[PDB]
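Undergrad: Pasting work_6.tsv below, which is TSV, C-alpha atoms and all ligand atoms.
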chain	number	residue	atom	x	y	z
O	1	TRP	CA	75.40	95.63	73.69
O	2	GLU	CA	71.77	96.61	74.27
O	3	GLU	CA	71.74	98.64	71.06
O	4	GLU	CA	73.16	95.80	68.98
O	5	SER	CA	70.56	93.31	70.25
O	6	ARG	CA	67.66	95.72	69.60
O	7	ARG	CA	66.87	93.82	66.39
O	8	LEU	CA	66.77	90.26	67.71
O	9	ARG	CA	64.80	91.20	70.83
O	10	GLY	CA	61.10	91.90	70.76
O	11	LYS	CA	59.90	95.48	70.56
O	12	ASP	CA	58.24	95.18	73.99
O	13	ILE	CA	61.22	94.18	76.18
O	14	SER	CA	63.99	96.34	77.62
O	15	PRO	CA	66.74	94.21	79.22
O	16	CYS	CA	67.52	94.61	82.89
O	17	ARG	CA	70.53	96.72	83.85
O	18	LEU	CA	72.68	96.05	86.90
O	19	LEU	CA	76.28	96.55	88.02
O	20	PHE	CA	78.36	96.23	91.18
O	21	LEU	CA	80.97	98.12	93.16
O	22	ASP	CA	82.76	96.52	96.11
O	23	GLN	CA	84.92	98.54	98.51
O	24	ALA	CA	82.96	101.67	97.65
O	25	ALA	CA	84.67	103.49	100.51
O	26	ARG	CA	87.44	104.25	98.01
O	27	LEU	CA	85.07	106.84	96.50
O	28	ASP	CA	84.29	110.17	98.16
O	29	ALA	CA	80.87	111.77	98.54
O	30	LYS	CA	81.13	113.81	95.32
O	31	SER	CA	82.14	110.80	93.24
O	32	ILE	CA	79.35	108.66	94.69
O	33	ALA	CA	76.77	111.37	94.04
O	34	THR	CA	77.99	111.62	90.45
O	35	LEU	CA	77.80	107.84	90.09
O	36	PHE	CA	74.26	107.83	91.48
O	37	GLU	CA	73.08	110.56	89.13
O	38	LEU	CA	74.68	108.80	86.16
O	39	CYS	CA	73.13	105.44	87.03
O	40	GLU	CA	69.66	106.91	87.54
O	41	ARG	CA	69.92	108.89	84.29
O	42	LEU	CA	70.83	105.62	82.57
O	43	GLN	CA	68.28	103.57	84.55
O	44	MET	CA	71.20	101.48	85.81
O	45	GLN	CA	70.81	99.49	89.01
O	46	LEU	CA	73.84	99.40	91.30
O	47	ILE	CA	74.80	97.14	94.20
O	48	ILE	CA	77.53	98.78	96.26
O	49	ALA	CA	79.49	97.63	99.30
O	50	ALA	CA	81.50	99.52	101.90
O	51	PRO	CA	82.28	98.91	105.59
O	52	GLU	CA	80.62	102.23	106.46
O	53	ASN	CA	77.26	103.40	105.14
O	54	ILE	CA	78.56	105.75	102.45
O	55	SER	CA	75.12	106.38	100.87
O	56	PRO	CA	72.73	107.18	103.73
O	57	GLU	CA	70.11	109.25	101.85
O	58	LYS	CA	69.64	107.30	98.60
O	59	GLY	CA	68.24	103.93	97.58
O	60	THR	CA	67.87	101.09	100.07
O	61	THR	CA	70.51	100.06	102.58
O	62	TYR	CA	71.23	96.99	104.70
O	63	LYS	CA	73.71	96.32	107.49
O	64	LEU	CA	75.12	92.84	108.10
O	65	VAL	CA	76.60	91.60	111.38
O	66	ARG	CA	78.27	88.20	111.72
O	67	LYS	CA	77.83	86.43	115.06
O	68	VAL	CA	79.62	83.33	116.25
O	69	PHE	CA	76.89	81.11	117.64
O	70	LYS	CA	77.24	77.60	119.08
O	71	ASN	CA	80.40	76.79	117.13
O	72	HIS	CA	79.06	78.08	113.81
O	73	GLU	CA	78.22	81.45	112.24
O	74	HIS	CA	75.09	83.44	111.48
O	75	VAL	CA	74.64	86.72	109.61
O	76	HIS	CA	72.00	89.10	110.95
O	77	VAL	CA	70.64	91.67	108.50
O	78	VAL	CA	69.06	94.95	109.60
O	79	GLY	CA	67.49	97.56	107.36
O	80	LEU	CA	68.58	101.17	107.67
O	81	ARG	CA	66.73	104.44	107.13
O	82	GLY	CA	67.91	107.93	106.31
O	83	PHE	CA	66.21	109.87	109.10
O	84	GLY	CA	64.73	109.27	112.53
M	1	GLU	CA	122.40	74.64	94.19
M	2	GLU	CA	118.85	74.74	95.54
M	3	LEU	CA	119.67	71.84	97.85
M	4	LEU	CA	122.84	73.64	98.96
M	5	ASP	CA	120.67	76.26	100.71
M	6	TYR	CA	119.33	75.41	104.16
M	7	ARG	CA	116.29	77.64	103.68
M	8	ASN	CA	114.96	75.38	100.93
M	9	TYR	CA	114.88	72.53	103.46
M	10	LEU	CA	112.18	74.44	105.35
M	11	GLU	CA	108.48	74.66	104.54
M	12	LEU	CA	106.88	77.95	105.56
M	13	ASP	CA	103.15	78.60	105.77
M	14	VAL	CA	100.86	81.34	107.07
M	15	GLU	CA	98.03	80.16	109.31
M	16	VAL	CA	95.09	82.08	110.74
M	17	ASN	CA	92.75	81.09	113.57
M	18	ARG	CA	89.62	82.08	111.66
M	19	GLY	CA	86.51	82.29	113.80
M	20	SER	CA	85.16	79.13	115.38
M	21	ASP	CA	87.42	77.01	113.18
M	22	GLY	CA	90.99	76.09	114.03
M	23	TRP	CA	94.15	77.25	112.31
M	24	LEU	CA	93.72	77.28	108.52
M	25	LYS	CA	96.27	78.03	105.82
M	26	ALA	CA	96.01	81.66	104.74
M	27	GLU	CA	94.57	81.56	101.21
M	28	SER	CA	93.95	84.92	99.56
M	29	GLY	CA	90.77	83.49	98.04
M	30	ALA	CA	89.27	82.31	101.35
M	31	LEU	CA	89.34	85.67	103.16
M	32	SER	CA	87.65	89.05	103.01
M	33	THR	CA	89.47	92.21	101.99
M	34	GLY	CA	90.06	93.42	105.53
M	35	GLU	CA	91.26	90.04	106.75
M	36	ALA	CA	93.76	89.77	103.90
M	37	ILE	CA	94.99	93.33	104.46
M	38	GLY	CA	95.48	92.70	108.16
M	39	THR	CA	97.30	89.42	107.63
M	40	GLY	CA	99.52	91.15	105.10
M	41	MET	CA	100.43	93.85	107.60
M	42	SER	CA	101.13	91.17	110.21
M	43	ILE	CA	103.51	89.32	107.91
M	44	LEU	CA	105.15	92.60	106.90
M	45	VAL	CA	105.93	93.47	110.51
M	46	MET	CA	107.21	89.91	110.95
M	47	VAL	CA	109.58	90.49	108.04
M	48	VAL	CA	110.74	93.83	109.42
M	49	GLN	CA	111.46	92.31	112.83
M	50	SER	CA	113.35	89.41	111.26
M	51	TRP	CA	115.45	91.78	109.14
M	52	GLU	CA	116.31	93.89	112.18
M	53	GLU	CA	117.27	90.79	114.16
M	54	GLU	CA	119.52	89.58	111.35
M	55	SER	CA	121.18	92.97	110.86
M	56	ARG	CA	121.72	93.77	114.55
M	57	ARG	CA	124.97	91.82	114.88
M	58	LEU	CA	126.59	93.88	112.09
M	59	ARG	CA	125.49	97.24	113.55
M	60	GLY	CA	126.40	99.41	116.49
M	61	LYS	CA	124.97	97.99	119.69
M	62	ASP	CA	123.04	101.24	120.24
M	63	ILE	CA	121.37	101.57	116.82
M	64	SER	CA	117.67	100.82	116.32
M	65	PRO	CA	116.70	101.26	112.65
M	66	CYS	CA	113.55	103.21	111.89
M	67	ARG	CA	110.37	101.25	111.15
M	68	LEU	CA	107.65	102.79	108.98
M	69	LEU	CA	104.88	101.30	106.84
M	70	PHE	CA	102.10	102.53	104.58
M	71	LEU	CA	98.43	101.72	104.07
M	72	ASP	CA	96.67	103.18	101.04
M	73	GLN	CA	92.89	103.07	100.67
M	74	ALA	CA	92.60	102.35	104.38
M	75	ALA	CA	88.84	102.90	104.10
M	76	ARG	CA	88.57	99.21	103.18
M	77	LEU	CA	89.02	98.50	106.91
M	78	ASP	CA	86.45	99.00	109.65
M	79	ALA	CA	87.02	100.91	112.88
M	80	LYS	CA	87.78	97.73	114.84
M	81	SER	CA	90.47	96.60	112.41
M	82	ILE	CA	91.99	100.08	112.32
M	83	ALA	CA	92.12	100.19	116.12
M	84	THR	CA	93.76	96.76	116.20
M	85	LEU	CA	96.30	97.91	113.60
M	86	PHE	CA	97.08	101.02	115.64
M	87	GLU	CA	97.52	98.90	118.76
M	88	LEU	CA	99.87	96.56	116.90
M	89	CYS	CA	101.97	99.39	115.49
M	90	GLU	CA	102.22	101.06	118.90
M	91	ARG	CA	103.22	97.80	120.57
M	92	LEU	CA	105.94	97.44	117.92
M	93	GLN	CA	106.97	101.12	118.03
M	94	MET	CA	106.26	101.23	114.29
M	95	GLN	CA	105.21	104.36	112.40
M	96	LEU	CA	102.24	104.23	110.03
M	97	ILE	CA	101.17	106.45	107.14
M	98	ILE	CA	97.54	105.66	106.32
M	99	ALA	CA	95.48	107.24	103.54
P	1	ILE	CA	59.06	101.48	77.76
P	2	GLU	CA	59.36	100.20	81.33
P	3	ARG	CA	62.68	98.44	81.83
P	4	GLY	CA	62.65	95.23	83.82
P	5	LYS	CA	64.09	95.18	87.32
P	6	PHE	CA	65.73	92.83	89.82
P	7	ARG	CA	63.33	92.70	92.76
P	8	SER	CA	65.31	90.62	95.22
P	9	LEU	CA	68.18	88.20	95.86
P	10	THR	CA	67.70	85.06	97.95
P	11	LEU	CA	70.50	83.06	99.57
P	12	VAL	CA	69.94	79.56	100.97
P	13	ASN	CA	72.34	77.58	103.18
P	14	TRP	CA	75.19	79.91	102.30
P	15	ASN	CA	78.19	80.56	104.55
P	16	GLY	CA	76.56	82.59	107.30
P	17	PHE	CA	73.19	82.83	105.55
P	18	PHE	CA	70.62	80.09	106.09
P	19	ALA	CA	67.71	81.62	104.17
P	20	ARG	CA	68.00	85.38	103.63
P	21	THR	CA	66.23	87.51	101.01
P	22	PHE	CA	67.54	91.02	100.32
P	23	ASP	CA	64.96	93.14	98.51
P	24	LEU	CA	66.89	95.09	95.90
P	25	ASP	CA	66.31	98.76	95.12
P	26	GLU	CA	65.07	100.36	91.93
P	27	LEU	CA	68.27	102.43	91.71
P	28	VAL	CA	70.82	101.67	94.46
P	29	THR	CA	71.15	98.95	97.09
P	30	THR	CA	73.92	99.37	99.65
P	31	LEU	CA	75.40	96.77	102.00
P	32	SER	CA	77.42	97.79	105.04
P	33	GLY	CA	79.11	96.00	107.90
P	34	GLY	CA	82.55	95.55	109.40
P	35	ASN	CA	85.22	93.48	107.72
P	36	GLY	CA	84.13	89.91	107.05
P	37	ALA	CA	80.43	90.75	107.28
P	38	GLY	CA	79.71	88.82	104.08
P	39	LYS	CA	78.96	91.48	101.49
P	40	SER	CA	81.42	90.00	99.00
P	41	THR	CA	79.69	86.68	99.62
P	42	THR	CA	76.39	88.22	98.53
P	43	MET	CA	77.99	89.66	95.40
P	44	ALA	CA	79.54	86.28	94.58
P	45	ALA	CA	76.23	84.50	95.10
P	46	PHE	CA	74.45	86.93	92.79
P	47	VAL	CA	77.00	86.59	90.02
P	48	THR	CA	76.95	82.82	90.38
P	49	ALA	CA	73.20	83.03	89.86
P	50	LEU	CA	73.81	85.18	86.78
P	51	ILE	CA	76.66	83.27	85.09
P	52	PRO	CA	76.83	79.72	86.50
P	53	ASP	CA	79.77	78.87	84.22
P	54	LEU	CA	82.19	77.22	86.62
P	55	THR	CA	85.25	77.90	84.47
P	56	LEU	CA	84.73	81.67	84.69
P	57	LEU	CA	83.76	82.02	88.36
P	58	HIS	CA	86.92	83.08	90.21
P	59	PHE	CA	86.48	85.02	93.46
P	60	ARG	CA	89.85	86.60	94.02
P	61	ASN	CA	90.24	89.12	96.81
P	62	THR	CA	89.76	92.76	95.92
P	63	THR	CA	93.46	92.92	96.64
P	64	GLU	CA	95.37	91.02	93.96
P	65	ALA	CA	92.45	91.73	91.64
P	66	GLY	CA	93.61	89.93	88.51
P	67	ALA	CA	97.00	89.13	90.07
P	68	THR	CA	97.60	85.39	89.91
P	69	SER	CA	97.64	84.05	93.48
P	70	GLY	CA	98.19	80.38	92.63
P	71	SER	CA	95.74	79.25	95.29
P	72	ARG	CA	94.31	76.66	92.83
P	73	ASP	CA	90.89	77.37	94.40
P	74	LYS	CA	88.24	79.61	92.86
P	75	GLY	CA	86.95	80.37	96.36
P	76	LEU	CA	83.34	79.41	95.66
P	77	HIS	CA	83.44	76.07	97.50
P	78	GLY	CA	84.39	77.63	100.83
P	79	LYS	CA	81.51	80.10	100.45
P	80	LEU	CA	78.91	77.30	100.62
P	81	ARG	CA	77.79	75.07	103.47
P	82	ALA	CA	77.44	71.31	103.30
P	83	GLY	CA	74.25	70.04	101.71
P	84	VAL	CA	72.03	71.86	99.22
P	85	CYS	CA	72.26	75.60	98.61
P	86	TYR	CA	70.27	77.90	96.35
P	87	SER	CA	70.81	81.29	94.74
P	88	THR	CA	67.80	82.84	93.00
P	89	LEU	CA	66.76	86.09	91.34
P	90	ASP	CA	63.26	87.49	91.01
P	91	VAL	CA	62.97	89.74	87.95
P	92	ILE	CA	60.02	91.83	86.84
P	93	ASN	CA	60.07	91.82	83.05
P	94	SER	CA	59.20	94.83	80.94
P	95	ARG	CA	56.11	92.74	80.19
P	96	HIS	CA	55.44	92.90	83.95
P	97	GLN	CA	56.18	89.19	84.35
P	98	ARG	CA	57.68	87.93	87.61
S	1	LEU	CA	113.58	106.12	100.40
S	2	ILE	CA	114.45	103.96	97.38
S	3	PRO	CA	115.77	106.15	94.52
S	4	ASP	CA	115.89	103.43	91.85
S	5	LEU	CA	114.16	103.94	88.51
S	6	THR	CA	113.97	100.20	87.80
S	7	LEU	CA	111.81	99.43	90.83
S	8	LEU	CA	109.73	102.61	91.13
S	9	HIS	CA	106.37	101.83	89.50
S	10	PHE	CA	103.42	103.93	90.68
S	11	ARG	CA	100.70	101.87	89.08
S	12	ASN	CA	97.17	102.66	90.18
S	13	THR	CA	95.89	101.12	93.39
S	14	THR	CA	93.50	99.21	91.17
S	15	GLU	CA	95.58	96.72	89.18
S	16	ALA	CA	97.97	96.55	92.13
S	17	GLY	CA	99.70	93.48	90.70
S	18	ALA	CA	98.47	93.44	87.12
S	19	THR	CA	100.77	93.90	84.14
S	20	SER	CA	102.00	97.30	83.02
S	21	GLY	CA	99.47	97.73	80.22
S	22	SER	CA	101.29	100.92	79.27
S	23	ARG	CA	105.02	101.69	79.35
S	24	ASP	CA	105.07	104.68	81.71
S	25	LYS	CA	105.88	104.13	85.38
S	26	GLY	CA	103.67	107.04	86.44
S	27	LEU	CA	106.40	109.06	88.16
S	28	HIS	CA	107.13	111.68	85.50
S	29	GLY	CA	103.60	113.08	85.43
S	30	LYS	CA	103.73	113.63	89.19
S	31	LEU	CA	106.61	116.11	88.80
S	32	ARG	CA	106.69	119.66	87.46
S	33	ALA	CA	109.07	121.31	85.02
S	34	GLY	CA	112.35	122.26	86.67
S	35	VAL	CA	114.28	120.97	89.68
S	36	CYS	CA	112.33	119.22	92.44
S	37	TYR	CA	113.31	117.66	95.75
S	38	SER	CA	112.07	114.88	98.02
S	39	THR	CA	113.68	114.78	101.46
S	40	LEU	CA	113.24	112.86	104.71
S	41	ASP	CA	114.48	114.10	108.07
S	42	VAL	CA	115.47	111.43	110.59
S	43	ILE	CA	116.57	111.41	114.22
S	44	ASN	CA	118.74	108.39	114.97
S	45	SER	CA	118.96	106.53	118.25
S	46	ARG	CA	122.16	108.58	118.58
S	47	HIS	CA	119.95	111.67	118.06
S	48	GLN	CA	121.78	112.83	114.94
S	49	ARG	CA	119.49	114.96	112.77
F	1	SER	CA	132.87	66.58	106.92
F	2	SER	CA	129.49	65.20	105.84
F	3	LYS	CA	128.51	64.55	109.45
F	4	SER	CA	129.53	68.10	110.39
F	5	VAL	CA	127.50	69.54	107.50
F	6	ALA	CA	124.43	67.60	108.61
F	7	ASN	CA	124.83	68.72	112.21
F	8	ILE	CA	125.24	72.39	111.28
F	9	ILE	CA	122.15	72.23	109.06
F	10	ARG	CA	120.20	70.74	111.96
F	11	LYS	CA	121.46	73.38	114.39
F	12	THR	CA	120.57	76.25	112.06
F	13	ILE	CA	117.11	74.79	111.48
F	14	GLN	CA	116.51	74.52	115.22
F	15	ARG	CA	117.70	78.08	115.82
F	16	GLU	CA	115.48	79.50	113.09
F	17	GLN	CA	112.46	77.56	114.35
F	18	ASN	CA	113.05	78.96	117.83
F	19	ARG	CA	113.39	82.52	116.53
F	20	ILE	CA	110.21	82.28	114.45
F	21	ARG	CA	108.30	80.79	117.38
F	22	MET	CA	109.49	83.67	119.55
F	23	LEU	CA	108.37	86.25	116.99
F	24	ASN	CA	105.00	84.52	116.65
F	25	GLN	CA	104.05	85.37	120.24
F	26	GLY	CA	103.44	89.04	119.41
F	27	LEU	CA	100.71	88.27	116.86
F	28	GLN	CA	98.58	86.31	119.32
F	29	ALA	CA	95.02	87.62	119.71
F	30	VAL	CA	94.71	89.97	116.74
F	31	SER	CA	91.05	90.70	115.96
F	32	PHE	CA	90.51	91.17	112.22
F	33	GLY	CA	87.06	90.40	110.90
F	34	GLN	CA	86.67	86.79	111.97
F	35	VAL	CA	90.46	86.41	112.19
F	36	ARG	CA	91.75	86.08	115.75
F	37	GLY	CA	95.36	84.93	115.38
F	38	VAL	CA	98.25	84.65	112.95
F	39	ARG	CA	101.09	82.13	112.92
F	40	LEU	CA	104.15	81.42	110.79
F	41	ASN	CA	104.24	77.62	110.59
F	42	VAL	CA	107.77	76.31	110.01
F	43	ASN	CA	108.45	72.65	109.26
F	44	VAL	CA	111.15	70.36	107.90
F	45	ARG	CA	110.21	68.75	104.59
F	46	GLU	CA	110.41	64.97	104.64
F	47	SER	CA	112.05	64.91	101.21
F	48	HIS	CA	114.91	66.87	102.79
F	49	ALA	CA	114.74	65.44	106.32
F	50	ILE	CA	115.51	61.97	104.97
C	101	LIG	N1	85.57	80.45	100.42
C	101	LIG	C1	85.62	80.79	101.71
C	101	LIG	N2	86.17	79.91	102.58
C	101	LIG	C2	86.23	80.24	103.87
C	101	LIG	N3	85.82	81.36	104.47
C	101	LIG	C3	85.28	82.21	103.59
C	101	LIG	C4	85.15	82.01	102.22
C	101	LIG	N4	84.55	83.11	101.62
C	101	LIG	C5	84.34	83.93	102.62
C	101	LIG	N5	84.75	83.45	103.83
C	101	LIG	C6	84.66	84.13	105.11
C	101	LIG	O1	83.32	84.57	105.23
C	101	LIG	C7	83.27	85.86	105.89
C	101	LIG	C8	82.67	86.83	104.91
C	101	LIG	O2	83.54	86.98	103.77
C	101	LIG	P1	83.27	88.09	102.68
C	101	LIG	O3	84.44	88.26	101.79
C	101	LIG	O4	81.96	87.76	101.96
C	101	LIG	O5	83.01	89.39	103.53
C	101	LIG	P2	82.79	90.93	103.24
C	101	LIG	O6	81.59	91.46	103.92
C	101	LIG	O7	82.82	91.12	101.73
C	101	LIG	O8	84.13	91.56	103.81
C	101	LIG	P3	85.08	92.81	103.58
C	101	LIG	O9	84.13	93.98	103.36
C	101	LIG	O10	86.01	92.98	104.73
C	101	LIG	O11	85.80	92.49	102.26
C	101	LIG	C9	84.73	86.20	106.19
C	101	LIG	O12	85.04	85.57	107.42
C	101	LIG	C10	85.48	85.41	105.12
C	101	LIG	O13	86.71	85.03	105.72
C	102	MG	MG	84.19	92.27	101.27
Turn the structure described in the file into structure tokens.
TA:
Amino acid sequence: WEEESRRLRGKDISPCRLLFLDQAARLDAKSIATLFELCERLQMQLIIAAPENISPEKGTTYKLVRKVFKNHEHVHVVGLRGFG
Amino acid sequence: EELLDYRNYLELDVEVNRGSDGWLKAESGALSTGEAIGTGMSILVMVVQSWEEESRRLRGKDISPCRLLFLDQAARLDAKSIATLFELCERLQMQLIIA
Amino acid sequence: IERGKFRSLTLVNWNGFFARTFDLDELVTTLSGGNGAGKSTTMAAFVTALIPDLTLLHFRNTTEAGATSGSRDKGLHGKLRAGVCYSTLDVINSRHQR
Amino acid sequence: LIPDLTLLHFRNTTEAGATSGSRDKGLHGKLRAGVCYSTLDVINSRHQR
Amino acid sequence: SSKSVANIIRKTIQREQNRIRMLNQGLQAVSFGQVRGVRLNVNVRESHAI
């Protein structure tokens, strides 16, 4: 799709690239490493989700916790870091 | 012929006490993956228990049919949900094969 | 050439989120949390921001992905709170325009 | 457990309810040339193996 | 015969409701995400009750 639109677009713009993957826990470490290397080689941004932090040493990570609070809900977001 | 069956006279629904809210009808679209998986397992064990209850009267009084279920791609569940599932299966004496 | 990038995703008055801005990564952004944390909600909010066509938006569970569930509900309404809500994307263009 | 060719369909976990797409049921490619066996062992309430 | 048919339908409905309510007790307090309980709601449709 990017290649086809190369004519209509201006010579100075490269379109943004982004994909998703929910339930990433279905992939093992080797597969996720391969996916990461592919995406970075293709300058592809990825937003992945998994109950457990399956990618601790790459990109940015967030952890979400839902709390019942006075008869409603709130999500608390905490950043995570590879090493401490 | 549909009217001739008593079951058709009954309306059956699946309700979940989701969070702070009361009991809501279980809609696949209004739940997360883990919640749907867990509710599915709950209904499956309900079905197994109902089938055993129905079949008991046509079986030897000292026969308890085996109960065994699967769960593929279990990684979609967190530790808490997995522990709850294990507790449920143990309470129901039900064998699990989880991948 | 320098390809544009998605800096961040902001969620306003969403189910669970009042006003939360996740700063996206240049390569990979990961979201973790137990079941029902709200990751799928974030994905849905992003895609809604990307393709606001209401006919297309259908948030089926990962289970029954593409299997007709006959719920009659696309699932987006229950993911929003009463009142106004917003879903926005900041993008740095290859022309370095925010 | 259920040795019926009509019902046995080992579609991928993805597309768990989606249409066939292809015609294969995915069982043949899981076997090897020759004679194979799949057996369960059960202990009844009567303790018959 | 019609009265007997109606009575037997009613009796079977009551028995099944009781059995389902009994089974429901085991699913009380199941913690799944934000889900805390599961119930099988059984009811008699008006279109058939009348
Ligand atoms: N349309 C909706 N109506 C009602 N509740 C909803 C709706 N969408 C999401 N929820 C609830 O909001 C919470 C977060 O849902 P969501 O699917 O975003 O979570 P998640 O982090 O993706 O979960 P999981 O990883 O287990 O799939 C859950 O309690 C879910 O039941
Ligand atoms: Mg999810």
Undergrad: Choose the residue, out of M:22, M:60, M:29, M:34, that has the smallest atom-to-atom separation from ligand MG 102 (chain C); count all atoms listed in the file.
TA: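 Checking each of M:22, M:60, M:29, M:34 against ligand MG 102 (chain C), counting all atoms listed in the file, the winner is M:34.
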Undergrad: Give as a PyMOL selection string the residues surrounding ligand MG 102 (chain C) up to a distance of 12 Å, considering all atoms listed in the file.
TA: (chain O and resi 21-25+48-52+64) or (chain M and resi 29-37+75-78) or (chain P and resi 31-44+59-63) or (chain F and resi 33)
Undergrad: At a cut-off of 8 Å, using only C-alpha atoms, what residues contact range 40-46 of chain O? Leave out same-chain residues fewer than 3 positions from it and give the result as an MDAnalysis selection string.
TA: (chainID O and resid 17:21 36:37) or (chainID P and resid 25:29)
Undergrad: For chain M against chain F, which residues fall within 8 Å using all atoms listed in the file, given as a PyMOL selection string?
TA: chain M and resi 6+9-19+34-35+38-39+42+46+49+80-81+84
Undergrad: Save the residues we just selected, C-alpha atoms, as a tab-separated table (two decimals), keeping the file's coordinate frame?
TA:
chain	number	residue	atom	x	y	z
M	6	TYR	CA	119.33	75.41	104.16
M	9	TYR	CA	114.88	72.53	103.46
M	10	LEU	CA	112.18	74.44	105.35
M	11	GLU	CA	108.48	74.66	104.54
M	12	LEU	CA	106.88	77.95	105.56
M	13	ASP	CA	103.15	78.60	105.77
M	14	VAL	CA	100.86	81.34	107.07
M	15	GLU	CA	98.03	80.16	109.31
M	16	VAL	CA	95.09	82.08	110.74
M	17	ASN	CA	92.75	81.09	113.57
M	18	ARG	CA	89.62	82.08	111.66
M	19	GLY	CA	86.51	82.29	113.80
M	34	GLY	CA	90.06	93.42	105.53
M	35	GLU	CA	91.26	90.04	106.75
M	38	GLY	CA	95.48	92.70	108.16
M	39	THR	CA	97.30	89.42	107.63
M	42	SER	CA	101.13	91.17	110.21
M	46	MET	CA	107.21	89.91	110.95
M	49	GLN	CA	111.46	92.31	112.83
M	80	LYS	CA	87.78	97.73	114.84
M	81	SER	CA	90.47	96.60	112.41
M	84	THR	CA	93.76	96.76	116.20
Undergrad: Distance CA of residue 63 in chain M-CA of residue 85 in chain M, one decimal place?
TA: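 CA of residue 63 in chain M sits 25.5 Å away from CA of residue 85 in chain M.
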Undergrad: Distance CA of residue 65 in chain P-atom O11 of ligand LIG 101 (chain C), one decimal place?
TA: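 About the pair CA of residue 65 in chain P and atom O11 of ligand LIG 101 (chain C): they are 12.6 Å apart.
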Undergrad: Which of these residues is nearest to ligand LIG 101 (chain C), using all atoms listed in the file: M:8, M:26, M:2, M:56?
TA: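 That would be M:26, the residue with the smallest distance to ligand LIG 101 (chain C).
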Undergrad: Please list as a ChimeraX atom specification every residue within 8 Å of residue 95 in chain P, counting only C-alpha atoms and excluding residues in the same chain fewer than 5 positions away.
TA: /O:12-13 /P:4
Undergrad: Show me, as a list in words, the residues that have an atom within 12 Å of residue 41 in chain S when counting only C-alpha atoms, minus same-chain residues fewer than 6 positions from it.
TA: residues 66 of chain M; 1, 47, 48 and 49 of chain S
Undergrad: Just checking: using all atoms listed in the file, which residue out of P:94, P:69, P:88, P:77 ends up closest to ligand LIG 101 (chain C)?
TA: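 Among the listed residues, P:77 lies closest to ligand LIG 101 (chain C).
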Undergrad: I want to know what sits within 9 Å of residue 8 in chain S, based on all atoms listed in the file, with residues of the same chain fewer than 5 positions away left out; could you give that as a ChimeraX atom specification?
TA: /S:2-3,25-27
Undergrad: Excluding residue 73 in chain O and its own-chain neighbours fewer than 2 positions away, which residues fall within 12 Å of it when counting only C-alpha atoms? Please give them as a list in words.
TA: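 In the requested form, the answer reads residues 65, 66, 67, 68, 69, 70, 71, 75 and 76 of chain O; 18, 19, 20 and 21 of chain M; 13, 14, 15, 16, 17, 18, 36, 37, 38 and 81 of chain P; 34 of chain F.
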Undergrad: Using only C-alpha atoms, please write the residues we just selected to a file, as a PDB file, in the coordinates of the input.
TA:
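Contents of part.pdb, as written:
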ATOM      1  CA  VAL O  65      76.600  91.600 111.380  1.00  0.00           C
ATOM      2  CA  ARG O  66      78.270  88.200 111.720  1.00  0.00           C
ATOM      3  CA  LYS O  67      77.830  86.430 115.060  1.00  0.00           C
ATOM      4  CA  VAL O  68      79.620  83.330 116.250  1.00  0.00           C
ATOM      5  CA  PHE O  69      76.890  81.110 117.640  1.00  0.00           C
ATOM      6  CA  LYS O  70      77.240  77.600 119.080  1.00  0.00           C
ATOM      7  CA  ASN O  71      80.400  76.790 117.130  1.00  0.00           C
ATOM      8  CA  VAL O  75      74.640  86.720 109.610  1.00  0.00           C
ATOM      9  CA  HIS O  76      72.000  89.100 110.950  1.00  0.00           C
TER      10      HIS O  76
ATOM     11  CA  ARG M  18      89.620  82.080 111.660  1.00  0.00           C
ATOM     12  CA  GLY M  19      86.510  82.290 113.800  1.00  0.00           C
ATOM     13  CA  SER M  20      85.160  79.130 115.380  1.00  0.00           C
ATOM     14  CA  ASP M  21      87.420  77.010 113.180  1.00  0.00           C
TER      15      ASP M  21
ATOM     16  CA  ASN P  13      72.340  77.580 103.180  1.00  0.00           C
ATOM     17  CA  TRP P  14      75.190  79.910 102.300  1.00  0.00           C
ATOM     18  CA  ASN P  15      78.190  80.560 104.550  1.00  0.00           C
ATOM     19  CA  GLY P  16      76.560  82.590 107.300  1.00  0.00           C
ATOM     20  CA  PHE P  17      73.190  82.830 105.550  1.00  0.00           C
ATOM     21  CA  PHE P  18      70.620  80.090 106.090  1.00  0.00           C
ATOM     22  CA  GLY P  36      84.130  89.910 107.050  1.00  0.00           C
ATOM     23  CA  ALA P  37      80.430  90.750 107.280  1.00  0.00           C
ATOM     24  CA  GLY P  38      79.710  88.820 104.080  1.00  0.00           C
ATOM     25  CA  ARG P  81      77.790  75.070 103.470  1.00  0.00           C
TER      26      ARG P  81
ATOM     27  CA  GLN F  34      86.670  86.790 111.970  1.00  0.00           C
TER      28      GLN F  34
END
Undergrad: For a quick check of understanding, using all atoms listed in the file, which of S:11, S:30, S:16, S:4 has the smallest distance to chain P?
TA: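 Smallest distance to chain P is found for S:16.
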Undergrad: Set out as a tab-separated table a contact list for chain S and chain M with a cut-off of 9 Å, giving each residue of chain S that qualifies its closest atom pair and distance in Å to one decimal, counting only C-alpha atoms, ordered by chain and rising residue number.
TA:
residue	atom	partner	partner_atom	distance
S:13	CA	M:72	CA	8.0
S:42	CA	M:66	CA	8.5
S:44	CA	M:63	CA	7.5
S:45	CA	M:63	CA	5.7
S:46	CA	M:63	CA	7.3
